[PDB]
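J.: Chains as they are written, first to last, in the entry's author numbering: chain p, 2 to 179; chain c, 31 to 186; chain o, 2 to 129; chain r, 1 to 459; chain l, 1 to 603.
C-beta atoms are modelled at their ideal positions from N, C-alpha and C, and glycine is treated no differently.
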Amino acid sequence: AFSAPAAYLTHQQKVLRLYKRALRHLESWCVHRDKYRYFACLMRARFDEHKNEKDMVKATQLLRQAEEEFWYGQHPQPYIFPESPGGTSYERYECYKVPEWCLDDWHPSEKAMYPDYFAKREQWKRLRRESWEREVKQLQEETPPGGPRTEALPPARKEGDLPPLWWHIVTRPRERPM
Amino acid sequence: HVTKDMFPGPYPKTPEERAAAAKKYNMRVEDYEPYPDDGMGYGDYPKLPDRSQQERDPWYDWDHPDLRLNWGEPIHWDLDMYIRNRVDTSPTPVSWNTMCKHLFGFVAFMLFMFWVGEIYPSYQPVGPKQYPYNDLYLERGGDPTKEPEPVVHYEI
Amino acid sequence: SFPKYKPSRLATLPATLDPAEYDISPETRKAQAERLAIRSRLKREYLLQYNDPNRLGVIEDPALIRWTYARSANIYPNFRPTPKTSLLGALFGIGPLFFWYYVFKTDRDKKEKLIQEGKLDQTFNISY
Amino acid sequence: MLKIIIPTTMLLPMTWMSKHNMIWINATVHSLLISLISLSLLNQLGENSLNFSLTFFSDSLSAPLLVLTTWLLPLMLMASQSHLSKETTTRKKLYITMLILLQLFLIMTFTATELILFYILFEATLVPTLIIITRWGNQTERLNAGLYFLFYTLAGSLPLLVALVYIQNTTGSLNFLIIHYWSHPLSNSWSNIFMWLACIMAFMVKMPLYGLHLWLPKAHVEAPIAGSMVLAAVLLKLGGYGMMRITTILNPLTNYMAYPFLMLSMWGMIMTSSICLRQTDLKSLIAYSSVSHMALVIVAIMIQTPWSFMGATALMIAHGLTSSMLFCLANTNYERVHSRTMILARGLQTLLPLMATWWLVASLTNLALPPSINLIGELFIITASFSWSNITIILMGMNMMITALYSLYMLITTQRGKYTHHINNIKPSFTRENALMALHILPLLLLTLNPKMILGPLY
Amino acid sequence: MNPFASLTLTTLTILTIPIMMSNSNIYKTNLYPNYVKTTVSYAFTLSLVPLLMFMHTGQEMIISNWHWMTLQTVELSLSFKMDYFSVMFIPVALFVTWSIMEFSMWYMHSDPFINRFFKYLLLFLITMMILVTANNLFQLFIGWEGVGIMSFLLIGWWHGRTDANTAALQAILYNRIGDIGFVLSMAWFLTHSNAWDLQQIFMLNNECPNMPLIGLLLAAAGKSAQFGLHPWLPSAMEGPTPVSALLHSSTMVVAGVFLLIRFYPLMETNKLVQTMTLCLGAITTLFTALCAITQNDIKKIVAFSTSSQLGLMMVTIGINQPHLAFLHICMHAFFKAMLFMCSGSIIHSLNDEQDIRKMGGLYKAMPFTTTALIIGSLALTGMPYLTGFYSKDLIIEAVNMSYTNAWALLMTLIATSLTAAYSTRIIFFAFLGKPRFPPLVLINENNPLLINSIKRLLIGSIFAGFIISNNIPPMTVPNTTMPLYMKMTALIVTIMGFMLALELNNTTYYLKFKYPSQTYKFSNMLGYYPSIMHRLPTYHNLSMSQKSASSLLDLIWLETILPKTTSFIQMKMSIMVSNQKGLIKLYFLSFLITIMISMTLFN
Ligand SMILES: CCCCCCCCCCCCCCCCCC(=O)OC[C@H](COP(=O)([O-])OCC(O)COP(=O)([O-])OC[C@@H](COC(=O)CCCCCCCCCCCCCCCCC)OC(=O)CCCCCCCCCCCCCCCCC)OC(=O)CCCCCCCCCCCCCCCCC
Ligand SMILES: CCCCCCCCCCCCCCCCC[C@@H](O)O[C@H](CO[C@H](O)CCCCCCCCCCCCCCC)COP(=O)(O)OCC[N+](C)(C)C
Ligand SMILES: CCCCCCCC/C=C\CCCCCCCC(=O)O[C@H](COC(=O)CCCCCCC/C=C/CCCCCCCC)COP(=O)(O)OCCN
């Protein structure tokens with residue numbers, strides 16, 4: 002989510018992802034805590050018998066057959082956290098997220114209420130106004146010729162500088178705005 | 031604010047115009063494949079995998095999080111068919127053929143057994159209920175000017 | 002020795018079951034790198050156009066306009082009368098019409114015949 | 001009838017003599033006053049008709065259409081007030097002149113005691129609409145659209161004129177009263193077949209019939225908001241009014257000449273309802289929904305039963321109101337997005353809640369929710385078709401389902417979901433737009449209290 | 001004079017006052033939910049009187065107050081029917097709605113738009129009252145569509161969630177599939193009987209043909225979520241828990257069964273429609289119970305329980321016992337609404353968790369909900385002398401002693417056993433084991449609203465069955481004699497279901513793991529019906545909607561035939577005519593040719 006993706010996933014990453022998926026579906030299968038702990042230790046052991054495999058052409062055949070086994074017993078109704086992309090409350094509060102720029106359209110009668118918040122709002126707007134002009138130059142000078150290769154942005158390197166393209170990340174509405 | 035060159039064109043039939051079209055849709059040259067040059071006018075537009083947009087990565091920071099879409103990337107021809115609110119081609123735990131066989135076998139077996147049970151009903155070792163007044167002739171239909179044949183019931 | 006998963010059109014094949022995500026070659030890695038590079042270029046362009054405080058409008062997406070034009074206003078200029086196209090058009094534009102015409106004509110012929118001969122029990126059929 | 005025609009004519013000098021910053025107020029106020037005056041025609045009688053003079057007469061089929069036509073103009077003026085702001089005073093006066101001329105032509109067309117005058121005004125309505133479409137249209141395709149909107153119509157109606165004069169050479173008159181009282185059957189002959197075709201194809205093309213509807217998406221998409229209003233609300237009902245007026249002489253030939261048109265309409269309703277499901281444009285979706293509803297009305301007219309006529313009239317009125325409101329909502333969205341694409345603007349109920357409520361009500365009215373007059377016409381036509389044939393319901397039922405689908409689809413894609421992040425020019429809805437929405441929607445819910453006002457002469 | 005009609009209309013009209021007040025100042029304060037709850041309670045108290053009058057005398061009435069319109073020989077008027085079913089079902093629905101609103105005042109406290117939620121609930125209640133009290137087919141259709149629209153608006157309560165919108169559209173689609181049959185029935189009734197009024201329909205139909213009853217059965221299957229059109233009810237649980245507790249559990253879903261009950265004079269004259277109804281109910285209840293036995297979401301399991309109960313009531317309709325089906329409606333309302341309320345309390349106390357894999361020891365951690373759910377599950381399984389026994393036991397006795405399909409009887413017995421089994425599953429997996437939730441314990445039931453709302457439904461599910469059964473006149477012949485084994489068949493099968501479900505559930509404690517079988521995969525995936533039927537048809541339709549209708553026909557061939565061919569022909573003719581080099585040689589050669597041809601041709 003917050004981290005930029007890479008061009009490809011290494012064997013280590015695929016092994017870790019398979020291990021996590023297997024553990025999650027095992028705890029979905031093994032409802033109780035003691036049974037899950039026993040079978041998770043057993044599956045970690047059976048996953049550990051081939052840690053020190055040296056040749057890559059044989060270690061890729063082990064994970065390839067492990068992905069054929071996981072699919073067969075993958076518990077077609079797994080446990081999903083409520084806020085996860087499959088959970089029951091995934092995007093429940095997504096309609097309560099109102100953008101900050103909407104406050105620019107408030108009537109002056111409504112802006113009479115909450116004066117300190119709006120004063121801080123022009124303060125933030127001015128800060129962004131100078132920061133963006135700095136960041137355009139910083140990102141233009143730091144980019145390699147021909148365009149970026151990965152969508153990872155550099156931080157701020159001077160004293161008064163701010164990280165390039167920061168306005169829409171720090172001004173997230175909230176997790177539960179209302 | 032879009033140039034004439036940018037818009038879709040005829041089917042790319044030569045390698046140079048194929049490369050130009052691939053560059054136009056913001057994709058790799060060997061990753062670009064147009065629809066077959068049949069009568070239907072797909073033309074210049076590229077053919078993307080028929081994968082649904084429900085199965086796209088839900089953790090990548092898409093520019094359109096609801097649609098799981100990115101700014102600039104070529105949109106699938108049938109995007110409106112695959113919008114997470116419609117048909118999705120996400121892989122299932124059980125193969126499609128096996129699910130189809132199981133579903134239709136269950137339905138056919140249920141229908142056949144219902145028909146069989148209709149052939150062989152279930153009842154009680156009793157005779158029909160007896161109603162006194164000429165099988166309730168007056169209270170069921172009426173017509174009191176015909177005097178139907180009387181029916182008497184056998185007391186046992 | 003487990004049963005094998007058979008992909009279908011409406012139930013595709015999982016990424017972890019792809020037999021092409023293992024037999025990796027340097028050409029495949031180069032292709033992935035180029036894909037990431039162009040994706041990052043597009044993302045950088047969008048983010049530069051998105052965080053600008055001087056922008057007070059909609060960020061025009063060439064891909065969206067191109068998709069709409071391809072779906073709407075480009076179908077005819079690339080149309081060519083072919084046996085497949087001709088047969089499909091004739092079927093989908095003629096067959097249903099004659100099918101429904103035959104069905105309704107048969108039903109109404111039966112109804113009119115039953116009116117003429119006289120056993121239809123039209124009692125209480127006042128409002129038509 | 002002159003007490004309404006004369007003020008419509010006097011609307012032109014008042015507009016042309018008004019100040020450069022006061023034309024809209026005068027036009028709106030006097031149009032509303034004219035509509036209030038025209039409300040008097042709604043007092044119809046079970047007897048023959050309101051025969052004002054030798055030239056003009058009013059019936060309970062003409063009265064609701066006249067009231068709707070008079071009521072439409074203020075809504076069109078309010079809708080066009082926005083996008084004509086940077087327009088010069090002379091060109092704004094020309095636009096208002098075109099609208100007033102179109103209303104005058106429609107008002108004279110809906111009374112039209114004589115058939116040749118009816119045809120002349122029927123074609124006179126074509127000029128201001130063409131000028132509006134081709135002149136004040138944003139996109140480059142408008143000209144082509146205008147061409148289509150012209151030629152199709154004329155291609156339909158040029159034979160009709162000949163047929164009309166031919167009738168006056170045999171019957172001797174074209175007055176609708178004399179035509180109705182001196183009606184004689186048409187024998188089964190090739191000449192009578194071609195006379196039937198000439199009389200019917202003129203009004204089939206403008207309704208439009210499936211297969212002749214290609215001009216309608218172009219004309220509605222490319223026209224300005226007022227043009228879309230007048231085309232969807234009133235200009236589509238000219239074909240239905242003409243067919244209900246002219247089918248008095250086509251019997252009993254229609255009993256077997258309506259089969260191709262009944263089949264075409266009953267399949268085209270399904271085809272257009274399915275087309276609405278996959279559309280990248282809001283205006284095209286609304287236009288195809290209009291095509292479906294008009295195909296249902298065509299089916300009703302071809303059945304030729306009292307319930308068919310009642311349902312056809314009610315459906316025409318309700319569809320005109322609903323399509324006008326939907327086009328207004330689409331234009332309100334477009335004026336902020338400037339793209340006219342369904343999926344670019346999303347999650348609008350978070351930003352514009354009252355507009356979301358208006359969208360919900362318009363979608364429900366299009367969805368034919370009881371006890372709206374939309375469903376009154378729907379059920380009347382459905383029962384009449386069931387009496388005509390017990391199988392038609394199947395098709396009808398499918399249409400109903402599909403209708404609801406795309407309606408809610410139009411409601412869900414545009415209003416529900418997450419808002420588009422890079423669109424920050426969504427200003428709060430003005431009082432003008434909300435007033436326009438209310439003036440569109442309240443008459444529907446008030447007419448559902450007194451349905452007999454729009455059920456036609458066969459009530 | 002005549003207090004019966006006045007009170008019956010007054011309860012309905014006072015159900016409407018908060019809707020009018022929704023534009024006033026009270027709607028902008030926090031007193032609106034309490035205002036609506038008090039209005040509903042007062043309406044229930046007022047409507048308790050017509051029930052007493054009917055119970056004492058047997059008062060029946062129809063009120064035709066406002067004449068809507070006269071279409072030649074057919075008069076449509078605002079007619080209300082106040083027969084046994086209406087005056088009996090108004091108080092039950094009002095009491096359930098009052099309990100659900102008092103529960104919602106506590107459950108939905110964090111919702112910014114809570115007044116809109118309450119007004120939506122009241123609008124649904126008004127639409128259901130219109131549906132129930134309708135005397136003509138048009139008003140019945142108005143209520144039929146109003147309940148569907150309210151369900152659509154309440155399912156997609158959270159507009160941000162895509163799944164909620166998908167579920168709402170699915171519910172609308174299935175309800176419109178039912179609406180097709182409803183419209184068929186209305187059209188046939190008006191074409192043949194020349195009236196949408198129930199009185200004229202009953203008089204003019206001594207033997208009802210197949211078509212109108214098939215249409216009514218199709219509409220009832222569409223809204224009651226029978227096996228053909230079932231998945232929308234399980235999918236409708238994306239909405240808030242009170243919506244599922246009120247709409248999709250006890251009130252809106254029984255509308256199809258109520259429609260079939262309203263036409264019982266016409267159902268007894270047809271024997272094939274009864275067989276179809278019996279088969280549909282049996283397959284529905286069996287399939288839904290089999291799906292429920294293996295689910296892990298509590299709300300989904302309770303939804304499948306509701307669907308199974310609806311299938312059982314449809315079986316009862318199919319065996320020609322409408323009054324018994326209405327009685328089962330009345331008892332199911334109470335205990336299933338209370339079951340959903342307990343589930344919602346568990347979910348709220350457990351930080352918005354619905355899966356039972358993260359529910360552990362709640363028998364002692366939160367006892368009031370535990371005992372309420374135990375009572376509700378005992379009532380559901382037809383434990384003797386509870387609200388569910390007095391209906392379900394009679395259902396079983398009637399279906400055993402009827403000349404009906406034997407397969408349907410077997411399916412009903414297996415469905416009852418499976419009902420006992422998944423009730424055991426709920427209790428075992430939600431209240432018996434060790435805790436499995438996150439360590440931050442926030443269990444709390446100490447709120448007067450929740451306690452009072454649950455306790456009223458407890459009193460209902462304990463005593464209302466007895467009160468109703470002993471306080472209504474007899475409307476069917478009793479099964480006085482009974483084989484001893486046949487008398488206890490329901491109890492035996494329910495106890496066997498308890499025993500087998502508990503024995504199979506206790507094996508999860510063992511330290512043994514095994515991959516699932518084919519039957520488990522079939523039952524857990526809802527019989528594969530939601531997958532295939534939501535991917536094979538729709539895609540194809542959508543594909544056609546762009547392939548044949550949109551592109552091939554509208555955009556290509558219909559464009560090629562009339563306009564483009566004309567343009568091509570005119571362009572070619574213009575090119576041929578205007579392609580003159582300007583040579584007078586050719587001009588006068590043509591002049592000579594035409595002069596020569598005219599003399600020969602025209603003389
Ligand atoms: C007249 C005398 C009266 C007395 C009569 C005799 C008295 C009773 C005799 C007993 C009879 C059977 C009792 C055994 C009950 C079953 C328990 C069991 O073994 O399940 C475990 C076992 C699988 O366990 P697992 O996968 O290892 O566990 C997964 C984990 O543990 C994860 O597990 P979990 O923790 O997630 O949840 C566990 C859950 C999940 O377990 C499941 O996987 C669900 C599957 C089990 C439900 C089957 C029960 C009823 C089946 C009705 C089927 C109707 C026809 C279907 C048509 C199919 C069409 C192909 O299981 C349960 O909760 C309990 C299961 C149900 C037991 C409670 C009710 C059953 C007792 C009453 C039944 C009959 C007596 C009625 C009395 C009427 C008077 C005569 O299930 C089976 O092996 C299936 C056995 C029966 C299936 C029948 C359908 C076979 C159809 C195949 C095709 C045949 C040819 C068709 C050709 C058609 C061509 C057109
Ligand atoms: C494209 C978008 C829609 C536009 C409108 C489409 C609808 C137009 C169709 C017009 C109605 C049908 C045309 C002819 C109807 C006559 C009745 C005929 O169908 O029945 C048979 C007639 O058989 C044949 O149709 C005879 C004519 C055959 C030649 C006509 C060409 C048919 C195909 C042409 C298709 C071209 C369509 C596009 C035109 C531009 C029965 O034969 P019979 O009972 O003995 O004689 C009946 C006539 N009598 C009684 C006066 C003597
Ligand atoms: C959007 C495109 C639509 C184009 C119009 C489609 C309808 C065209 C129908 C024909 C048009 C002219 C019909 C004539 C008007 C009626 C007059 C009449 O009926 O008099 C007949 C004359 O009948 C005719 O002359 C008809 C001949 C037709 C000539 C024009 C042919 C046009 C194309 C014909 C095929 C099209 C039909 C289907 C069109 C489908 C829609 C495109 C009898 O003449 P008498 O000599 O007095 O009596 C004989 C006994 N003494």
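So if I threshold CB-CB distances at 8 angstroms, which residues from the segment 262-273 of chain r count as touching chain o?
T.: Cβ contacts with chain o come from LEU262, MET263, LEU264, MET266, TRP267.
J.: Confirm the yes/no value for this check: CB of r/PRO159, any heavy atom of ligand 2, distance under 7 angstroms.
T.: Residue numbering aside, residue 159 of chain r sits at position 159 when the fourth sequence is read from its first letter. Because no heavy atom of ligand 2 lies under 7 angstroms away, the Cβ of r/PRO159 does not count as near it: no.
J.: Can you tell me which of the three DSSP states l/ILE63 falls into?
T.: Position 63 of the fifth sequence holds residue 63 of chain l. l/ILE63 falls in the strand class under three-state DSSP.
J.: Which residue from p/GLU68, p/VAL137, p/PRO77, p/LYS126 puts its Cα closest to that of l/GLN518?
T.: Translated into the one-based positions of the fifth sequence, residue 518 of chain l becomes position 518. Measuring from the Cα of l/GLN518, the nearest candidate turns out to be p/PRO77.
J.: With a cut-off of 8 angstroms, does the C-beta of r/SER62 fall near any C-beta of chain o?
T.: Along the fourth sequence, one-based indexing puts residue 62 of chain r at 62. Not one chain o Cβ lies under 8 angstroms of r/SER62.
J.: Quick test of the definition: if touching needs 3 or more C-beta pairs under 8 angstroms, does the segment 12-31 of chain o touch the segment 82-90 of chain p?
T.: Cβ pair count under 8 angstroms is below three, so no.
J.: In this structure, what does DSSP give as the bridge partners for r/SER58?
T.: Translated into positions along the fourth sequence, residue 58 of chain r becomes position 58. r/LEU50, per the DSSP bridge assignment.
J.: Whose CA, out of c/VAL156, c/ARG114, c/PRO38, lies closest to the CA of c/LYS77?
T.: By 1-based counting over the second sequence, the position of residue 77 of chain c is 47. If we check each option's Cα against that of c/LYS77, c/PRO38 comes out closest.
J.: Do you know how far the Cα of r/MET10 is from the Cα of r/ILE25?
T.: Counting from one through the fourth sequence, the residue named residue 25 of chain r turns up at place 25. Counting from one through the fourth sequence, the residue named residue 10 of chain r turns up at place 10. Cα-Cα distance, rounded: 16 angstroms.
J.: Please return the same chain residues whose Cβ sits closer than 7 angstroms to the Cβ of r/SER274, not counting the five positions on each side in sequence.
T.: Translated into positions along the fourth sequence, residue 274 of chain r becomes position 274. If we look at r/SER274 and ignore the five residues flanking it on each side, its Cβ neighbours are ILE402.
J.: Just the C-alpha distance for l/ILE556 and r/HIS338, rounded to the nearest angstrom, thanks.
T.: On the fifth sequence, residue 556 of chain l is found 556 positions in, with the first residue counted as 1. On the fourth sequence, residue 338 of chain r is found 338 positions in, with the first residue counted as 1. Each residue's Cα considered, the two are about 28 angstroms apart.
J.: Measure the CB-CB distance between l/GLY160 and p/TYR73 and report whether it falls below 8 angstroms.
T.: Taking the first residue of the fifth sequence as position 1, residue 160 of chain l is located at position 160. Taking the first residue of the first sequence as position 1, residue 73 of chain p is located at position 72. In this structure, p/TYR73 does not lie closer than 8 angstroms to l/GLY160 by Cβ.
J.: Helix, strand or coil, according to DSSP, for l/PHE141 in the structure here?
T.: Translated into the one-based positions of the fifth sequence, residue 141 of chain l becomes position 141. Of the three classes helix, strand and coil, the one that applies to l/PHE141 here is helix, per DSSP.
J.: Could you name the residues of the segment 179-198 of chain l whose beta carbon sits closer than 9 angstroms to any beta carbon of chain o, in the order they occur along the chain?
T.: Residues passing the 9 angstroms Cβ filter: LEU190, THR191, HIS192, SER193, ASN194, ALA195.
J.: Could you have a look at o/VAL104 and say whether DSSP puts it in helix, strand or coil?
T.: For the purposes of this step, residue 104 of chain o is identified with residue 103 of the third sequence, where counting begins at 1. It is helical.
J.: Answer yes or no: do r/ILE301 and r/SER308 have a C-beta to C-beta separation smaller than 8 angstroms?
T.: One-based indexing of the fourth sequence puts residue 301 of chain r at position 301. One-based indexing of the fourth sequence puts residue 308 of chain r at position 308. Closer than 8 angstroms, so yes.
J.: Taking any heavy atom of ligand 3 as the mark, which residues have a C-beta closer than 7 angstroms to it, listed down the chain?
T.: Checking every Cβ against the heavy atoms of ligand 3 under 7 angstroms gives r/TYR152, r/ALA155, r/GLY156, r/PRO159, r/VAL162, r/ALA163, r/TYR166, r/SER191, r/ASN192, r/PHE194, r/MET195, r/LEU197, r/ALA198, r/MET201, r/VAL205, r/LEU212, l/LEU562.
J.: Rounded to the nearest angstrom, what separates l/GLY143 and l/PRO3 at their Cα positions?
T.: Sequence index remark: in the fifth sequence, residue 143 of chain l carries index 143 (1-based). Sequence index remark: in the fifth sequence, residue 3 of chain l carries index 3 (1-based). Rounded to whole angstroms, l/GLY143 to l/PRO3 spans 25 angstroms at the Cα level.
J.: List the endpoints of the continuous beta strand (DSSP E) containing l/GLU75.
T.: Residue mapping note: residue 75 of chain l aligns to position 75 of the fifth sequence, counting from 1. From DSSP, the beta strand (DSSP E) with l/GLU75 extends over 74-81.
J.: Can you name, in chain order, every residue of its own chain whose Cβ lies under 7 angstroms from the Cβ of r/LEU158, other than the five neighbours on each side?
T.: For the purposes of this step, residue 158 of chain r is identified with residue 158 of the fourth sequence, where counting begins at 1. Nothing meets the Cβ criterion.
J.: Taking 7 angstroms as the cut-off, is the beta-carbon of l/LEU555 closer than that to any non-hydrogen atom of ligand 2?
T.: By 1-based counting over the fifth sequence, the position of residue 555 of chain l is 555. Every heavy atom of ligand 2 is 7 angstroms or more from the Cβ of l/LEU555, so no.
J.: Between which two residues does the alpha helix (DSSP H) containing l/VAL40 stretch?
T.: Counting from 1 along the fifth sequence, the entry for residue 40 of chain l is found at position 40. Element bounds for l/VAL40: 32-57.
J.: Straight-line CA distance for p/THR144 to c/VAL59?
T.: Here residue 144 of chain p refers to the residue found at position 143 of the first sequence. Here residue 59 of chain c refers to the residue found at position 29 of the second sequence. Approximately 25 angstroms, taken between the alpha carbons.
J.: Is the CB-CB distance between l/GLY497 and l/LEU409 below 8 angstroms?
T.: Looking up residue 497 of chain l in the fifth sequence gives position 497. Looking up residue 409 of chain l in the fifth sequence gives position 409. No, Cβ-Cβ distance for l/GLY497 and l/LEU409 is not below 8 angstroms.
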